[PDB]
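In what follows, every chain begins at residue 1, and chains take the letters A, B, ... in the order their sequences are listed.
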Amino acid sequence: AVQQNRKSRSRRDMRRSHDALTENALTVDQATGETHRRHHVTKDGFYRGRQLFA
Amino acid sequence: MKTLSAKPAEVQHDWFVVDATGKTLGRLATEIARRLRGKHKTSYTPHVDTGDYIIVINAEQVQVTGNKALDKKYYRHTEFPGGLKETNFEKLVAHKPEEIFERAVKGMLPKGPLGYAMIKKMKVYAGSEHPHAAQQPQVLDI
Amino acid sequence: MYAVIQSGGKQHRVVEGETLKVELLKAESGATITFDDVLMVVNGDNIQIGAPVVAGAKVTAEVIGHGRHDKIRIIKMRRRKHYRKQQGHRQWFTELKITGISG
Amino acid sequence: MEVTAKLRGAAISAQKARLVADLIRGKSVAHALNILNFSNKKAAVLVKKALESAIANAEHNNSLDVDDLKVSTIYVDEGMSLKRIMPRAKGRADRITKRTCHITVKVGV
Amino acid sequence: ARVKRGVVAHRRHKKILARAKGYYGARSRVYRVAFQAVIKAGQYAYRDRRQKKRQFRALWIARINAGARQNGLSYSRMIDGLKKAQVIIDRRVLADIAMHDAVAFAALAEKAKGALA
RNA sequence: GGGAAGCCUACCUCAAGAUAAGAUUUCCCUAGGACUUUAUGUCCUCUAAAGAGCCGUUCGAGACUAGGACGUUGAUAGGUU
RNA sequence: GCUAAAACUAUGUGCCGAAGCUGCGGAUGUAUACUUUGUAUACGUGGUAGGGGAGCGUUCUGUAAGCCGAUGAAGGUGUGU
RNA sequence: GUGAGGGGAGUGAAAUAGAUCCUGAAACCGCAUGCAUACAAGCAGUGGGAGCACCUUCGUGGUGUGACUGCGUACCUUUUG
Ligand SMILES: [Mg+2]
């Protein structure tokens, strides 16, 4: 099965109208003052006032 | 451009009230459609709504001649297989009188966006009372 | 005040000072033309309808110039029959300015 | 005034990079950098490179303050394609297009 | 004397595409589609230059009918009365008067009734 | 007037995108300047409510969604007894 | 939608209705007269296969050791006529 | 990232002549601005026609868009069609 007519650019864009990306949930960490992904350990190993790597 | 078109911002829609007691359905509907479309004004323009507002009272008193009260059929189709539904004038006038006038005038108005806008100016009521006293309609005998 | 005149096989309702384009006339630019066959003269409440023509009425106009309207294309095409032809057209006109109306 | 940086010949489809471009279009540079730093898209790395280059240009060649900058203009253009041959079943062959893109980022105050 | 076709062919195609401005989709971009759209537009224009006179005369007649019925006549009776009264004002001017000057149209209707009497 | 497993009701489910967009109960938001395009007008400053969502623990709900419960004033899941 | 019709039969006044006819402006073919003409009159101008007539543009040769061109050619892209 | 690529500086008459570099058309693909568009059925135009934005010789004007509306089933070939 295959199309009988080529799809127009308008219809192609209409199909793509649902393809937009979204933003992640980012928050400032109180212990360090750095931006981090909410509920995740920071890239330096801090979470909820605890430190993972000495 | 010596022949001018009516401008929608300058159109004036006047309000009228019509009693349907004892009137023949089609011979009343033709006049209602004419005044809804605006054929009675010298500023008539085919692409502009220049008509008036028509309130219809005593809608269930409208009449048909012959044996049409029992024989005139109203059909509709739900788009399911075998979904053809059927009623007649006697039951429809007793149950939903507004649908009779809606069908009659819709059939005589143009079939497009302008016609849909035109038919919104008709208000049909079963009893002898209407809620549009604020618009001060004049009595129209047609 | 306005009057009804006939020019070029057509009719026009005109007022004083109005500028209008009619069919091509042989009068020279800057000349004055008088219509003596006015069909109707209205002066607010004084309304004269000529039986064919209002007797004694006159309309006076001045010839501004001559010109041609915008180009129109004529296209003819019979599908599947190997036939096609085209041509252009610009219609001539004479421009008048009404200077007087007398009922 | 806008300060421009172009990254030409990035090895990714313009259609894929345009999603990240639309994600960061019009925002302030700090917010855009946060979005790019925490995105998991491949195009985010390239867009971040272009944006940081534009910020450095605005800082060094135009002496503009960092705090007032925003992503005023951004768009992605199609680049040169690479053509390859993929062998299919029963001796048939298909042509593969390996697309690239050009990223343009302008920052302004 | 070898002749290259590029310049003249490009000019012709560009002229067709320029006349196709404003059309939807391929009808304003693709020569094979745009050329058909231009010819059909010309055919429609040729036909509608005749249709316009009919439509405008119908509009004039409708407006004259509305005015006559406000003055107590029908359109056909008013036209007959004007013909019997020898008035030769045409429908375009009659409709203009009906739309913009009610008193003059009332006078014309009175003349038509007088001739019909 | 009577008159059928037939028609309209009656029974179950859905149903106001019914654009004619319906009804009821309760809840929230009441600040100052400039100007001309004197207007649900355009720029400033100050405010950000009732709620909704993102995120997380998840489900007898689930393709993704949607829907239900909960997030320390806590038994939502795992563990422990 | 229509029932002393918006049906049927008969009669009469009007009107609508085509690129048909008339009006106004313009082009073109043939003939007749002007005893050069490019002026008047009359009659024509839907068209497949076909036949006849008249032209527009493109490349090259002479005219050209001429004429235009860095005070900007060809080409590309708009606008006006 | 001592990558690719770019922004400055410098050369040059010219760097949008910067290295697969004279000119740089079209299909095709982006970004920006103006208008329209989420109650309405079809070769997508055509004849009308309101409103809006910019320009203005202020209009019986120019440019862009085009609510609403009459009409309207592509082209070529082959065919009685
Ligand atoms: Mg093999």
Hey, is the side chain of [X] poking within less than 4.0 Å of OP1 or OP2 on [N], counting only N and O atoms?
X       : N      : answer
E:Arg54 : G:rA19 : yes
E:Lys52 : H:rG48 : yes
A:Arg9  : H:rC28 : yes
B:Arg27 : G:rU3  : yes
E:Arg11 : G:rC56 : no
B:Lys68 : G:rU3  : yes
E:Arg12 : G:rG57 : no
C:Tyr83 : G:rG47 : yes
E:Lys84 : G:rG14 : yes
E:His10 : G:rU58 : no
B:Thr65 : G:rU3  : yes

State the [atom1]-[atom2] distance between [X] and [Y], to the nearest 0.5 angstrom.
X       : Y       : atom1 : atom2 : answer
A:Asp13 : A:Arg16 : CG    : CZ    : 6.5 Å
D:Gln15 : D:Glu78 : CD    : CD    : 9.5 Å
A:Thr35 : D:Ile35 : OG1   : CD1   : 11.5 Å

Under 4.0 Å between any heavy atoms, over every strand shown, what does [X] touch: base, sugar-phosphate, or nothing? Just pick one.
X        : answer
A:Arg12  : sugar-phosphate
E:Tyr23  : sugar-phosphate
E:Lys14  : sugar-phosphate
E:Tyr75  : sugar-phosphate
C:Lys85  : sugar-phosphate
C:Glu23  : base
D:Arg99  : nothing
E:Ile61  : sugar-phosphate
B:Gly112 : sugar-phosphate
B:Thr45  : nothing

Find the partner of [N]: check Watson-Crick (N1-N3 plus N6-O4 or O6-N4) and G-U wobble (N1-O2, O6-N3) distances, both under 3.5 Å, and reply none if neither fits.
N      : result
F:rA69 : F:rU57
H:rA67 : none
F:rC12 : none
H:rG10 : none

Taking the [atom1] atom in each of [N] and [M], what is the distance between them to the nearest angstrom?
N      : M      : atom1 : answer
H:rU56 : H:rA40 : P     : 38 Å
H:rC29 : H:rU23 : P     : 26 Å
F:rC55 : F:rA61 : P     : 23 Å
F:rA21 : F:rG17 : P     : 10 Å
F:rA23 : F:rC43 : P     : 36 Å
G:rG1  : G:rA7  : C1'   : 14 Å

(request) Measure centre to centre between the rings of B:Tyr125 and B:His132, then say whether the value is under 6.0 Å. (result) yes

Can you tell me whether the base of [N] sits syn or anti, using the 90° cut around 0 to define syn?
N      : answer
F:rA4  : anti
H:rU69 : anti
G:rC56 : anti
H:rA27 : anti

Show the distances under 3.5 angstrom between N or O atoms of the protein and N or O atoms of nucleotides 3-6 of chain H.
unit_1	atom_1	unit_2	atom_2	d
H:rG5	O2'	D:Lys6	O	3.0
H:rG5	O2'	D:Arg8	N	3.0
H:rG5	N2	D:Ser53	OG	3.3
H:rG6	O4'	D:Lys6	O	3.2
H:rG6	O2'	D:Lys6	N	3.4
H:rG6	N2	D:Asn57	OD1	3.2

Which nucleotide in the list [options] gets nearest to the side chain of [X]?
X       : options                : answer
D:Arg25 : H:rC29, H:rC31, G:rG78 : H:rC31
E:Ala1  : H:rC29, G:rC16, G:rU59 : G:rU59
E:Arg57 : G:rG75, H:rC29, G:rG17 : G:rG17
E:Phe56 : H:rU46, H:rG48, H:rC31 : H:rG48
B:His47 : H:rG48, H:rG45, G:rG57 : H:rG48

(request) Only one of C:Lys21, C:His66, C:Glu23, C:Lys26 passes side-chain hydrogen bond (donor to acceptor under 3.5 Å, both in side chains) with C:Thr94; say which it is. (result) C:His66

Any Watson-Crick or G-U wobble pairing between [M] and [N], both distances under 3.5 Å?
N      : M      : answer
F:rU40 : F:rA18 : no
H:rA53 : H:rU63 : yes
F:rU47 : F:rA39 : no

(message) Show me the dot-bracket string of RNA chain G, counting Watson-Crick or G-U pairs under 3.5 Å, with | for pairs to another strand and [ ] for crossing ones.
(response) ..........................((((((((...))))))))....................................

(message) The criterion is side chain to side chain contact (heavy atoms under 4.5 Å, CB included); which residues satisfy it with C:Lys81, sequence neighbours excluded?
(response) C:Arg78

(request) Specify the closest pair of heavy atoms between C:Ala27 and C:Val63, including all atoms of both residues, with the distance to one decimal. (result) CB-CG2, 4.1 Å

(request) Kindly check the sign of the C1'-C2'-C3'-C4' torsion at H:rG66 and name the resulting pucker, north or south. (result) south

(request) Examine the six-membered rings in the bases of F:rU19 and F:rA20 and report whether their centres are under 5.5 angstrom apart and their planes under 30 degrees. (result) no

Polar-atom pairs under 3.5 Å, protein N or O versus N or O of nucleotides 54-59 of chain F: list them with distances, or write none.
unit_1	atom_1	unit_2	atom_2	d
F:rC55	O2'	A:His39	ND1	2.7
F:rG56	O4'	A:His39	ND1	3.3

(request) Could you tell me whether the side chain of D:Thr100 and the main chain of D:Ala11 form a donor-acceptor pair under 3.5 Å? (result) no

(request) For nucleotides 56-61 of chain H, just jot down a letter per nucleotide in 5' to 3' order: B, S or -, based on protein non-hydrogen atoms under 4.0 Å. (result) ----B-

(request) Encode nucleotides 72-81 of chain H as B, S and - characters from 5' to 3', where the letter depends on protein heavy atoms closer than 4.0 Å: B to the base, S only to sugar-phosphate, - to neither. (result) S-BSSBBB--

(request) Using the closest heavy atom to pick a nucleotide of RNA chain F for each, name whichever of B:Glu86 or B:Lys120 lands nearer the 5' end. (result) B:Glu86

